Each structure stands twice: as structure tokens, then as C-alpha cells.
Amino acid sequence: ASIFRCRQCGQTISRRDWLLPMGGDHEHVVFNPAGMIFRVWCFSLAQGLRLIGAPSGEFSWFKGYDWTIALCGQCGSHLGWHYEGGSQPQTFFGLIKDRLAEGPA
């Protein structure tokens, strides 16, 4: 019973039970076109976020998925991205590990 909370405001976001091994690992170190590097943990589900914009396929780290920016729905901190439009799974979250705090349910 471990949960991940927004490090800025404490809202519960996801659960350790929901870690998802995308391509063999739940941890992906990635860089965007601006050269910013993120350590992303993949989760099946989340709550308490606000997904902003329409999904985009441009520069997706995960082939066959479109992404949307995920903010903490409470404080607006950028916590990662939601991925959709794929298969097995259809949808999942890539959340920035350093912006989360893990603790007891």
C-alpha cells in the first residue's frame, strides 16, 4: 500500500500497484526536442491530474501513442503526460519520478 503524491501539494496521484512495465521497464529516461531530460515512471492509471490540450503524436516517446500534458489538478505542477490511442494498453501515464513523493496509503 504505497501511493505517489504530488511533491508540491500532497495530492494523491497514483499507486505503486499501478506501475506498468512499458517495453520491459516501468522506468524510462527520455529527452524531448528541447533537450530536457526526464526520468519517467509509467503507471496504468492515475487520479488528481488535469490533462491539458488535445492529444499530440509529435515526438511521442512511446510508439503508437498520442500524449497530453498532465498537471497536478490541485496545484498545477507539471507531473508528466497521459498517453492514449495505442493497444495493450490503450492508455497509461508517464509521470516524472522526481516530482512525486512515495508514502504509505
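From 1 onward, residues are counted along the sequence shown. Each form is matched to the other, and the largest set of C-alpha atoms that superpose within 1.5 Å is called the rigid core.
Remark: when the other structures in 9 other deposited structures of this protein are fitted onto this one via the rigid core, 31 to 39 deviates more than the alternative among 31 to 39 and 60 to 68, judged by RMS CA distance. For the segment pair 30 to 38 and 71 to 79, the entry gives 71 to 79 the higher mean B-factor, averaged over Cα atoms. Looking at 57 to 65 and 39 to 47 together, the entry lists the larger mean B-factor for 57 to 65, computed on C-alpha atoms. When the modelled residues of the chain are ordered by their C-alpha B factor, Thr12 lands in the highest third.
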